[PDB]
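Visitor: First the structure, then my questions, so here it is.
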Ligand SMILES: Nc1ncnc2c1ncn2[C@@H]1O[C@H](COP(=O)(O)OP(=O)(O)O)[C@@H](O)[C@H]1O
Ligand SMILES: Nc1ncnc2c1ncn2[C@@H]1O[C@H](COP(=O)(O)OP(=O)(O)O)[C@@H](O)[C@H]1O
Ligand SMILES: [Mg+2]
Ligand SMILES: [Mg+2]
C-alpha cells in the first residue's frame with residue numbers, strides 16, 4: 001500500500017507542476033501588455049491567485065511525500 | 001470545457017488540450033499501405049495503417065505523406081489522420097469541444113475552405129478557428145515586438161510584427177526545409193558507398209540526420225580541418241547490425257540552409273531573407289526588430305545554428321545596432337505552446353466561428369479575417 | 001599518336017583507337033577459374049582463364065564478374081582484364097599512348113582514385129582521363145540539348161543537358177538492368193519445367209534473352225492474345241540438341257523495365273523516372289528536353305521499346321507538347337563512339353591529367369573536375 005500511495009502522490013505532484021508551468025506562461029504573456037482589455041485585467045488577477053494556490057498545494061504534496069519517506 | 005489545440009504539421013502531428021505545457025500526443029503524419037500478398041489465414045485484413053503503427057512496420061509498407069510543402073495533396077489520407085488523432089490517440093469525442101488549427105502564411109485559399117468543410121460537415125465540432133503559425137510563436141516567446149523565423153518541415157517563413165501590428169508586405173516564404181536536407185543527405189551519403197533508395201531507408205536517413213549533424217561556425221575552415229585530420233568522424237549503427245562512418249557530411253547537410261545553391265535552387269540563404277524582411281519595413285522600427293529575433297520549428301535544433309545566425313546577421317547589418325537571437329530551449333513545440341495560450345485567453349473566447357455562422361454566411365466566413 | 005578509348009563496362013569490354021567507327025576489340029568482362037582436378041600430364045596448369053577463351057570453355061569453369069552495378073568489387077580480376085585488353089587483345093604497349101575511361105555518374109569516389117592509381121603506378125600510361133558515360137552519348141547523337149537515357153548492363157541513369165550546361169540536381173540513377181532481366185527469365189522459365197541453375201546455364205539464358213524477346217505495345221491485351229491463341233510461341237535449340245518452346249515469357253522479361261514490382265523493387269518504371277527528371281529542371285527548358293530524348297546502351301535494343309516509350313511519355317506529359325525518341329541504330333556502341341570523337345577534338349587535347357600532375361597534386365586531382 002505504501003508503494004502505491006507514494007506513486008499516486010508522485011503522479012499528483014507531476015500534474016501540479018504541469019499546471020504551474022502553463023499558468024506561469026500565461027501570466028508571463030499577460031504581464032507585457034500595457035493597455036489590457038477589461039476582461040484581461042480580471043483574468044490576470046485570477047491567474048495570479050491560482051498560481052499561488054497551486055504553489056502551496058505543491059508544497060503540501062511534496063511535504064507529505066517526504067513524510068512518507 | 002477544454003478546447004483541443006491540434007497542429008497539423010508537414011512532418012509531425014501534435015494534438016493536445018488547452019492549458020497544458022506539452023501536446024498530449026505526438027506522432028508522424030504518414031499513411032502506410034501494404035505491398036505484398038499476405039499468405040496467413042485469420043490475420044484480419046487492414047487496408048492501410050496510419051500513425052505510429054505504420055512507422056513500426058515500415059518493412060512491408062509503402063509510406064506516403066498526405067501533406068507536402070504545407071499544402072495538402074491527398075484528402076482521404078488527411079481525413080484518416082484526423083480521425084485517428086481524435087478517436088484512437090486522444091480518446092475524446094470531437095462533438096463536445098471546439099478546435100484550433102494552424103496554417104502557414106501565403107497558402108492557397110481553397111485549403112482553408114476545404115479544411116473548414118471537413119471539420120464541420122464530417123466531424124461536427126461546435127466551433128473551429130485557424131491561425132497563422134508564425135504569430136502563435138510570439139505568445140510562447142513572451143514578447144510583442146519581433147520577427148519570428150518559424151522553420152518547420154516542408155517550408156520556412158518570416159513574419160515581422162511590431163506592437164501587435166503584423167506587417168503583411170514584409171512576410172516572406174520559402175520552400176527549403178527538413179525534407180530537402182534528408183534528400184541531400186541521401187545524395188551525398190551515396191559517395192562513400194552507402195546507397196539508400198526506398199522510403200523506409202529514407203526514414204533511417206532522417207534518423208541519421210537527427211542524431212549526427214551540426215552547423216559549423218565557418219565553412220571553408222571546417223572543410224580544411226576535416227580533410228587534414230580525421231577527428232570529425234562518427235559511427236552510427238543501422239537496424240541490420242551494420243556500422244556507417246560519417247565524416248564531412250555531418251555539416252554539409254544543414255549548410256544547405258545558408259547556401260541554397262547546393263540543391264540547384266536560386267534564392268538566397270535564410271540570413272539574407274531575414275535581413276531583407278527587416279529592411280522591407282519602415283525606418284523607425286528596424287532597431288527593435290534587430291534587437292528581438294525569434295526561432296521556432298524543429299529544423300532550428302541543429303547545434304550551433306544560433307551562433308552562425310548571429311554572426312551572419314551582424315556581418316550583414318550596420319554597426320551600432322545590437323543583434324540577439326532569442327532561441328529558447330524546447331523551441332520544437334513553441335508554435336503549439338502558443339495555441340494553448342491563445343485558447344486560454346478570455347478575450348479570444350469570443351472570436352470562434354460557431355457552426356451556425358458557417359451554415360448561414362457560407363465558406364467565405366473564414367477568409368474575412370484572413 | 002593515337003589515344004586508346006577503352007570503355008570498361010558492367011557486362012562487356014570494348015577497346016579501340018581514336019578516329020575509328022567501331023571498337024577494335026569487344027569481349028566479355030569475366031574471369032573463369034577451373035573447378036576439377038586435371039588428370040593429364042603436359043597440359044601445363046593455367047590458374048584462371050580471362051576474356052573470350054573462358055566463355056569458350058565454360059563447361060568446367062566457375063565464371064565470375066569483377067564488376068557489378070557499375071561499382072568494381074574485385075580488383076585483381078579487373079587488373080587481369082585490363083592487362084589482357086592492353087597486351088593480348090589490342091597488341092599495343094600502353095606506355096606510348098594516353099587513355100580515356102568512362103564511369104557512370106553518382107559512383108563512389110574511391111573507385112576513381114583506385115582506378116587512377118592502377119592506371120599510373122602499374123601500367124605507366126603518360127596521361128589518362130575519365131568521363132561520364134551519359135555525356136559521351138550526346139557527341140555521338142550530334143546535338144547539344146537533350147536528356148540521355150543510357151541503359152547499360154548493371155545500372156541505368158538519366159542526365160539532362162541544355163546548351164552544354166549539365167544540370168547536376170536532375171540526374172537520376174537506378175539499379176535495374178540486363179542482369180536482373182536474366183535472373184527473372186530464369187525464374188519464370190522455371191514454370192514450364194526448364195531449370196537453369198549454374199553460371200554457364202545463366203549464360204545460355206542470356207543468349208535466349210538476346211535472341212527471343214520483344215516489348216509489347218500494351219500488356220494486358222498481349223497477355224490475353226497469347227493465352228487465347230498459340231501464335232506467340234518460339235522454338236530455340238540448346239547446345240545439347242534439346243528444344244525449348246517459349247510462350248508468354250517472350251514479353252514478360254523486358255516488361256520488368258516498366259513495372260519494377262515484378263522483382264520486388266519499389267521504384268517506378270523508367271518512363272516515370274524520365275518524366276520526373278524532365279520536370280525537375282527549370283520551367284523554360286522543359287520543351288526542348290521533351291522534343292529531344294536519347295537512348296543508349298545495349299539494354300535498349302528490344303524490338304518495340306521506342307514506341308512504348310513514346311506512348312507512355314505522351315500519355316504522362318501534357319498535350320500541345322511534341323515528343324520524339326531519338327533512337328538511332330547501332331546505339332549499342334553509342335557511348336564508345338562518343339569517346340573517340342571526344343579524343344579527336346583539338347581543344348580536348350589540353351585537358352588530360354599528365355603523370356607529373358598526379359605525382360605532384362596527389363589523388364585528389366581527378367575529383368577537381370568531378
Ligand atoms: N533535434 C533535431 N535536430 C535536427 N533536426 C530536427 C530535430 N528535430 C526535428 N528535426 C527535423 O525537423 C523535422 C520535423 O519538423 P516539425 O517540428 O514537425 O515541423 P512542423 O511542426 O511544422 O511539422 C524533422 O523532419 C527533422 O528532420
Ligand atoms: N540485341 C539485344 N537485345 C536485347 N538485349 C541485349 C542486346 N544486346 C545486348 N543486350 C543486353 O545488354 C547487356 C550488355 O549491355 P552493354 O551494351 O554491355 O552495356 P555496357 O556497355 O554498359 O556494359 C547484355 O547483358 C544483354 O543482356
Ligand atoms: Mg512546425
Ligand atoms: Mg554501356
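Note that we place each Cβ from the backbone using ideal geometry, even for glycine, and neighbour counts take in every protein chain shown. No lab work stands behind these numbers, since they all come straight from the coordinates.
Visitor: Evaluate the distance, in nm, between pseudo-label points positioned 7 Å from the Cα of residue C:357 and of residue C:345 along their respective Cα→Cβ axes.
Guide: Going by the 7 Å Cα→Cβ label model, 1.5 nm.
Visitor: Right, next: Out of every Cα pair in the protein assembly as shown, what percent are spaced more than 50 Å from each other? If you can, show how the numbers build up before the last one.
Guide: Working: 106311 of 326836 pairs.
Cα-Cα pairs of the protein assembly as shown separated by over 50 Å account for 33 percent.
Visitor: With springs only between Cα atoms under 10 Å, which of B:164, B:44, B:32 fluctuates most in a Gaussian network model of chain B?
Guide: So, out of B:164, B:44, B:32, the one fluctuating most is B:44.
Visitor: Taking every eigenvalue of the Cα gyration tensor of chain B, multiplying by 5 and rooting it, what semi-axes result, largest first, whole Å?
Guide: Values: eigenvalues 233, 202, 50 Å².
Ellipsoid half-lengths, sorted descending, are 34, 32, 16 Å.
Visitor: Let me have the 222 nm mean residue ellipticity of chain C computed from DSSP H runs of 4+ only, each contributing -39500 (n - 2.57), with the sum over all residues rounded to the nearest 500. Could you put the intermediate results ahead of the total?
Guide: Working: 13 runs with 117 residues, N = 370.
That comes out to -9000 deg cm²/dmol.
Visitor: I've got another one for you. Cut-off 10 angstrom, C-alpha nodes, Gaussian network model of chain B. Which of B:240, B:175, B:52 fluctuates the most?
Guide: Among B:240, B:175, B:52, the largest GNM mean-square fluctuation belongs to B:240.
Visitor: How large is the Kirkwood hydrodynamic radius of the stretch C:1-150, in angstrom, based on all distinct alpha carbon pairs?
Guide: Numbers: mean 1/r = 0.0591 Å⁻¹.
Value: 16.9 Å, from the Cα pair sum.
Visitor: Measuring label to label, 7 Å along Cα→Cβ, what does residue C:145 give against each other copy in nm, shortest first?
Guide: Copy-to-copy label distances for residue C:145: 5.4 nm.
Visitor: Given axes a ≥ b ≥ c from the Cα gyration tensor, I'd like to know whether the stretch C:69-186 is rounded (a/c under 1.5), prolate (a/b larger than b/c) or oblate.
Guide: Verdict is oblate for the stretch C:69-186.
Visitor: Sort B:261, C:344, B:334, B:277 by Cβ crowding within 10 Å, fewest neighbours at the top.
Guide: B:261, C:344, B:277, B:334
Visitor: What is the minimum Cβ-to-axis distance for chain B, in whole Å, where the axis maps B onto C, and to which residue does it belong?
Guide: With distances in whole Å, chain B gives B:197, 3.
Visitor: Measuring from a point 7 Å out along Cα→Cβ, what nm distances, shortest first, does residue B:111 have to its partners in the other copies?
Guide: Label point to label point, same position, other copies: 4.1 nm.
Visitor: Could you calculate, for the stretch C:106-156, the ratio of the Cα radius of gyration to the Kirkwood radius, expressed as Rg to Rh?
Guide: 1.07
Visitor: Across the stretch A:1-51, what fraction of all alpha-carbon pairs, as a whole percent, falls in each successive 5 Å bin from zero upward?
Guide: That works out to 5, 18, 21, 15, 12, 9, 8, 6, 4, 2, 1, in percent per bin.
Visitor: Over the Cα atoms of the stretch C:284-370, each weighted equally, I'd like the Debye log10 I(q)/I(0) at q = 0.10, 0.16, 0.17 Å⁻¹, rounded to two decimals.
Guide: Taken in order of the listed q values, log10 I(q)/I(0) reads -0.48, -0.83, -0.87.
Visitor: Let me ask something additional. Could you check the simple spin-label distance between residue C:20 and residue A:17, using points 7 Å along Cα→Cβ, in nm with one decimal?
Guide: 8.0
Visitor: Turning to a different aspect of this structure: Determine the distance separating the Cα centre of the stretch C:115-193 from the Cα centre of the stretch B:65-102; give it in Å without decimals.
Guide: About 45 Å separates the Cα centre of the stretch C:115-193 from the one of the stretch B:65-102.
Visitor: For the stretch C:164-257, what is the convex hull volume of its Cα atoms per residue in Å³?
Guide: Cα-based convex hull of the stretch C:164-257, divided per residue, equals 149 Å³.
Visitor: State the Cα centre-to-centre distance between the stretch C:313-370 and the stretch C:249-290 in whole Å.
Guide: 22
Visitor: Here's something else I'd like to know. Find the Cα radius of gyration of the stretch B:205-275, compare it with 2.2 N^0.38 Å by division, and give the number to two decimals.
Guide: On the way: Rg = 14.2 Å, N = 71, 2.2 N^0.38 = 11.1 Å.
For the stretch B:205-275, the normalised Cα radius of gyration comes out at 1.28.
Visitor: What is the Cα coordinate range of the stretch B:199-317 on the first, second and third principal axes, sorted by size from largest, in whole angstrom?
Guide: On the principal axes, the stretch B:199-317 reaches 59, 35, 27 Å in Cα extent.
Visitor: Would you order B:92, B:335 from fewest to most other beta-carbon atoms within 10 Å of each residue's own beta-carbon?
Guide: B:92, B:335
Visitor: Test of understanding: in a Gaussian network model of chain B with alpha carbons linked when under 10 Å, which of B:212, B:100, B:345 would top the mean-square fluctuation ranking?
Guide: Checking each option, the largest mean-square fluctuation is seen for B:345.
Visitor: Strictly greater than 15 Å: what percent of every Cα pair in the stretch B:145-219 meets that?
Guide: 66
Visitor: Grab the beta carbon distance between residue C:234 and residue B:118, set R0 = 56 Å, and tell me the FRET efficiency rounded to 0.05.
Guide: Rounded to the nearest 0.05, the efficiency is 0.50.
Visitor: Could you grab the relative contact order for chain B? Cα pairs under 8 Å, six or more apart, rounded to a whole percent.
Guide: 19
Visitor: Any idea what the residue C:235 label distances to the other copies are, label 7 Å down the Cα→Cβ vector, nm, shortest first?
Guide: Result for residue C:235, in nm, nearest copy first: 6.4.
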